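The structure appears right after this line, and notes come after that.
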Amino acid sequence: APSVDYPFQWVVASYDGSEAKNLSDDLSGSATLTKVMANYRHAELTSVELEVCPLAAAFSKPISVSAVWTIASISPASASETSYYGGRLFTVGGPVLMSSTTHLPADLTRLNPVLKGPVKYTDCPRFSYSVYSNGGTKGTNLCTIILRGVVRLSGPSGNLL
Amino acid sequence: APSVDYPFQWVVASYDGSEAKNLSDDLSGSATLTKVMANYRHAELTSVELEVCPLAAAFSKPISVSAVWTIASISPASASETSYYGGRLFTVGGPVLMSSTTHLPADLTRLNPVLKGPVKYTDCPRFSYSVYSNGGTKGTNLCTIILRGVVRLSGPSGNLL
Amino acid sequence: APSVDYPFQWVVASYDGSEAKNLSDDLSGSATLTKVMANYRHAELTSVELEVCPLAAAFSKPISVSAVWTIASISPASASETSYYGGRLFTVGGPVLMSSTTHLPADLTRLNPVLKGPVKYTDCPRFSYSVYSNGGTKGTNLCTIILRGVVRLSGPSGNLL
Amino acid sequence: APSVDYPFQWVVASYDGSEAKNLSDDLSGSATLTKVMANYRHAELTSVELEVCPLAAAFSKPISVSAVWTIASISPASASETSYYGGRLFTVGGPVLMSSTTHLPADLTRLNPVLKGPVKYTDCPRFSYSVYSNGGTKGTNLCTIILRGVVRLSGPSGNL
Amino acid sequence: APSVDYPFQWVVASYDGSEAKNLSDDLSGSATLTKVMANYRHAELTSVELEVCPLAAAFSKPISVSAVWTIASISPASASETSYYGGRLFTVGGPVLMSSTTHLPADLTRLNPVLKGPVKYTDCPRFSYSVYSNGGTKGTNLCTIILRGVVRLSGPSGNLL
Amino acid sequence: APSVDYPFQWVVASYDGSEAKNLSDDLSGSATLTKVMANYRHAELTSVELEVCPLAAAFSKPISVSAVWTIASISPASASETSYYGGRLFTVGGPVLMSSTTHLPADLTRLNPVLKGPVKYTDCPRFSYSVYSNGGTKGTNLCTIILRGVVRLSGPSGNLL
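Those protein sequence lines, which keep their order, are chains S, B, L, C, W and H.
Mapping the first sequence onto the UniProt record's numbering, position 139 (from 1) lands on 2166, and the numbers just tick up by one.
Mapping the second sequence onto the UniProt record's numbering, position 79 (from 1) lands on 2106, and the numbers just tick up by one.
Mapping the third sequence onto the UniProt record's numbering, position 107 (from 1) lands on 2134, and the numbers just tick up by one.
Mapping the fourth sequence onto the UniProt record's numbering, position 80 (from 1) lands on 2107, and the numbers just tick up by one.
Mapping the fifth sequence onto the UniProt record's numbering, position 134 (from 1) lands on 2161, and the numbers just tick up by one.
Mapping the sixth sequence onto the UniProt record's numbering, position 147 (from 1) lands on 2174, and the numbers just tick up by one.
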């Protein structure tokens, strides 16, 4: 079946260290990807990764974020991402807002790349992260969580234009 | 180059014989197709056509629409579609409320099917039509215009969504 | 056709964090490259990348710059570069003005390398970046945006010597 | 595709050495040639040249005209046609009042013959000339610049 | 080594018989060719020639120019080009305002075509000419000198622009 | 001809940010390499690079140095190294005096490796750097510029022992 590799990117959420914020999301049910896959019947993840970009305000005040790419069935709790395989702890800020170590790629060999199809899969990739309570300012938004990846979309459906 | 044959269909508008209404539109600049194919680098028509579907109110009051599929460079004036080659004059209504004779398909062998690509072609299809007033009630909506076709889309772009 | 690989480099612009500055530029229409390609009829990008070099004054005050290499048709808005695929957010400064992570290479597989030819292409690479409002000093110019790349130039024209 | 070879010829302009006059024109945008090819989708040159024909009044007063054929991207400045490759400095007048050496043909193998088509080209032929004043008395018209050639027109369009 | 045959043409100057004017120039040090080929590592002439084009004012007042294409080492003095082998003495004007006999081509088999390269050759072509005064009006510009030719340029350098 | 690969290293110069200092040097004419190549007739650069080692005093005060490896013919001016291809801007200091990004290797494919031979080449590598006016102390010497490389030396001459 003919298909196109569709690259996507969006800032998942901007965060400040005012309080701990936990977000766990399944890529099959994400609102901003379902609009991309609404026009196609089949979608398979070629690649995807979670990026934590530091912002300039984080230079003097780092933020620690614990992130993990788990299976759709498993939903890790808040501040428990490092207890699962592949769970990493990213400290953004300090004097070096340069390192690319803040990338967390999804191991699509251990996950089901199919985000859409004839059936709803229970093994789709699900990204869960938790931002810890830092000093906080309530307005700086000195951290950013971003998703980028590629989805192979096939079988366009007769949806709205 | 991998590509998908995207079938599109949408109602251009609904018209009644309250006043004469002219609408000319280049398919490369149509808002609906633009929002469909702004996420892809290349788009090429495989088929496209205009259709004038009669409604129930047209049963007792037929309405006449003059339509033409001209080149991108040529922009027909209002109520002058019959003065261009291929310009048909459909009349929808009466006891015959269903007929395939009101379909006007574009000659993609004569026109240029490419609506998007590396270069800006000047031969894209452009559909022009004029609906003549026959005594509508400003809300009766005697007829409706539907544009349906298929676009082969290749090379998805890293767009906003 | 005989051709020469022409390496080019110029500081695109020096910036201080006094206010947010957004620059989007198409390499086909850039003034400082058109002088290089004025003497040749065909120009094709072998490679090109956008570099954000920190300056010493940025050591105590970092700057965040959001940059993206998009298609010529797409013109991302200010502070929206991270919402497009390949859009990166570079934080220059801090205690480490060393990392080479500030390079943003153009994906010439997803872009048209031809910056000049018989026709004007609508899919040339276009670099769009936005410098955010930092503390600012109005005179330090504590960040630099630089373009370097290689253009294969062929078919010299009878222009001015 | 069916096509017809349209031979065109028109006097670009008559000049006298009253003052220096510069004219640069792209054949895609030439109004006379554009209205010639206004009813066809495609138009491609087969030959074109710029002729500088002396007049009788130029017998005692030659005119110097510097002319060049370039691509549409390159637009020569006034009185600078000899600084571009192929620019030639013609002189019309004197005892020799008729010569084929005053005709400058366009190298359509180097330029792009297509003046009209699906895509607007940036390397279409453009002719730029400059006429240098010698002291003409505002009415002599010692020389005439004439452009003639053949354009093949294909794919008529119903622009009625 | 990839290279391009760059055709160059420019007017050296315009002369009138107001006073005798001498100009000797080595092609490796000519300002116009230097600004052309300062962006390339290697440059080699394929052809080059001097030409004395008569103007309209020369019709009633011919002017004489003595020209020579000597070696880089030899620098002819003023009004002494006829004393060197190959030194021609052209006279432009009169009823014959057009003639190819006033072209002086360089003998690149005798001279050294290389104007730029790894080593500094001492055999580069050098053109010398002297225009004799015949009674010009300080603004009439009886004749003009044009240098035209082709340079094969290889190995572009990372220059300023 | 028999030859030996001779590795060389010397601190080119130690600098403090008291004032801007510009040094451009050709490796064929450098005093400290000519003593190595004085005993041999032919010398060809296998490799060479310019290293900017930060010193401990630079930890609290970084220095920005703009360096470039150009051709022998091209002599870049002060503070204009980033305008040439391969021109880099090195910021030494901060909290991370570790990164090896301060190395600037010479692209010997684009340069003539021969530093000595029967003829004097005009395309030898030439390194030009400029140290900008930092805060300055006049005695710390909180930056170091060092050259290391390898020269293949062949054909020993009857010089002094």
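A virtual CB, placed ideally from N, CA and C, is assigned to each residue, including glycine.
Below 8 Å on the Cβ atoms is my guess for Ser2093 of chain C versus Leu2116 of chain C; work out the distance and round it to an integer in Å.
Contact holds; Cβ gap of about 5 Å.
Should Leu2142 of chain S and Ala2085 of chain S be called a contact, given that it needs their Cβ atoms to be closer than 8 Å?
Not a contact, by the Cβ cut-off of 8 Å.
Kindly identify the DSSP beta-bridge partner or partners of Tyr2067 of chain L.
According to DSSP, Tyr2067 of chain L bridges with L:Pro2183.
Give the secondary structure of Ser2105 of chain H by DSSP, where H, G and I count as helix, E and B as strand, and everything else as coil.
If DSSP states are grouped into helix, strand and coil, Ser2105 of chain H belongs with coil.
Counting contacts by CB-CB distance shorter than 8 Å, is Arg2179 of chain B in contact with chain L?
No - not a single Cβ of chain L is within 8 Å of the one on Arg2179 of chain B.
Give a yes or no on whether 8 Å exceeds the smallest Cβ distance from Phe2154 of chain B to chain S.
False, the Cβ-Cβ gap to chain S never drops below 8 Å.
Quick test of the definition: if touching needs 3 or more C-beta pairs under 8 Å, does the region 2156-2168 of chain L touch the region 2162-2182 of chain B?
Because the criterion of three Cβ pairs below 8 Å is not met, the region 2156-2168 of chain L and the region 2162-2182 of chain B do not touch.
Cα separation between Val2039 of chain S and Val2063 of chain S?
Each residue's alpha carbon lies about 15 Å from the other.
Could you please tell me which residues of the region 2054-2087 of chain L, in chain order, have their CB closer than 7 Å to any CB of chain H?
If the cut-off is 7 Å between Cβ atoms, the region 2054-2087 of chain L has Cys2080, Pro2081, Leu2082, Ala2083 and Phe2086 near chain H.
Excluding sequence positions up to five away, which residues of its chain have a Cβ less than 6 Å from the Cβ of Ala2047 of chain W?
Taken in chain order, the residues that qualify are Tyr2159 and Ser2160.
From the DSSP secondary-structure annotation, give me the bridge partner or partners of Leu2050 of chain H.
DSSP, once it has assigned bridges, lists H:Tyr2156 as partnering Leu2050 of chain H.
According to the Cβ coordinates, are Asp2053 of chain W and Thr2167 of chain W closer than 8 Å?
No, they are not a contact pair.
Can the beta-carbon of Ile2090 of chain H be found closer than 8 Å to that of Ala2083 of chain L?
Yes, the Cβ-Cβ distance between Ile2090 of chain H and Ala2083 of chain L is below 8 Å.
By the three-class DSSP mapping on this structure, what secondary structure does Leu2077 of chain L have?
Three-state result, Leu2077 of chain L: strand.
So which residues on chain L does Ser2184 of chain B lean against when the C-beta distance must stay under 7 Å?
Near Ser2184 of chain B (Cβ distances below 7 Å), the residues of chain L are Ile2098 and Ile2101.
CB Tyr2033 of chain S to CB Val2177 of chain S, shorter than 8 Å?
Yes, the pair counts as a contact, with Cβ atoms nearer than the cut-off.
According to DSSP, is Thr2097 of chain H helix, strand or coil?
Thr2097 of chain H: strand per DSSP, three-state reduction.
Could you compute how far the alpha carbon of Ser2105 of chain B sits from the alpha carbon of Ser2055 of chain B?
Their backbone Cα atoms lie some 20 Å apart in a straight line.
Give me the residue from S:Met2125, S:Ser2100, S:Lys2088 and S:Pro2152 with the minimum Cα distance to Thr2136 of chain S.
The option with the nearest alpha carbon to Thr2136 of chain S is S:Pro2152.
In chain W, which residues lie less than 7 Å from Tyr2033 of chain L when you measure between Cβ atoms?
Correct list: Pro2183.
From the DSSP secondary-structure annotation, give me the bridge partner or partners of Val2177 of chain H.
Partner(s): H:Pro2034 and H:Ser2074.
Using a Cβ-Cβ cut-off of 8 Å, state whether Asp2052 of chain B counts as contacting chain C.
No, because no Cβ of chain C sits closer than 8 Å to the Cβ of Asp2052 of chain B.
Assuming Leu2180 of chain W contacts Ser2030 of chain W under a Cβ cut-off of 8 Å, what Cβ separation, rounded to an integer in Å, is found between them?
Contact holds; Cβ gap of about 6 Å.
Please list the residues of the region 2107-2137 of chain L that have a C-beta atom closer than 8 Å to any C-beta atom in chain H, keeping them in chain order.
From the region 2107-2137 of chain L, only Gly2121, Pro2122, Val2123, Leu2124, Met2125, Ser2126 and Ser2127 have a Cβ closer than 8 Å to chain H.
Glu2078 of chain C and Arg2175 of chain C look like a contact to me (Cβ under 8 Å); what is the Cβ gap, rounded to whole Å?
Indeed, because the Cβ distance is near 7 Å, the residues count as touching under 8 Å.
Look up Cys2170 of chain C in the DSSP assignment and give the residues it is bridged to.
C:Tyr2042 and C:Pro2081, per the DSSP bridge assignment.
Of all the options C:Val2119, C:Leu2187 and C:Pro2140, which has the alpha carbon lying nearest to the alpha carbon of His2069 of chain C?
Comparing Cα-Cα distances from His2069 of chain C to each of C:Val2119, C:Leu2187 and C:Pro2140, the minimum goes to C:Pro2140.
Could you tell me the distance, in whole angstroms, from the CA atom of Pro2145 of chain C to the CA atom of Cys2080 of chain B?
When rounded, the distance between both Cα atoms is 34 Å.
Do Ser2184 of chain H and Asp2150 of chain H have their C-beta atoms closer together than 8 Å?
It is not a contact, given that the beta carbons lie outside the stated cut-off.
Only counting the same chain, and skipping five residues up and downstream in sequence, which positions put a Cβ closer than 6 Å to that of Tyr2148 of chain H?
Result list for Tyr2148 of chain H: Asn2139 and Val2141, in chain order.
Flag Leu2169 of chain L as yes if its beta-carbon sits less than 8 Å from any beta-carbon of chain C, otherwise no.
Chain C, which has no Cβ nearer than 8 Å to the Cβ of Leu2169 of chain L, makes this no.
Roughly how many whole angstroms lie between the Cα atoms of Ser2074 of chain B and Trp2037 of chain B?
Cα to Cα, the separation comes out at about 14 Å.
On a CA-only basis, which of W:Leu2060, W:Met2125 and W:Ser2051 is nearest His2130 of chain C? Give me that one, please.
Of W:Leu2060, W:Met2125 and W:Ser2051, the residue nearest in Cα terms is W:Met2125.
Inspect the beta-carbon positions of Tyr2112 of chain H and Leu2187 of chain W and report whether they are closer than 8 Å.
No, they are not a contact pair.
Could you name the residues of chain L that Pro2145 of chain W contacts, counting a contact when the two beta carbons are closer than 9 Å?
By Cβ distance, chain L contributes nothing, its closest Cβ being about 17 Å from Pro2145 of chain W, past 9 Å.
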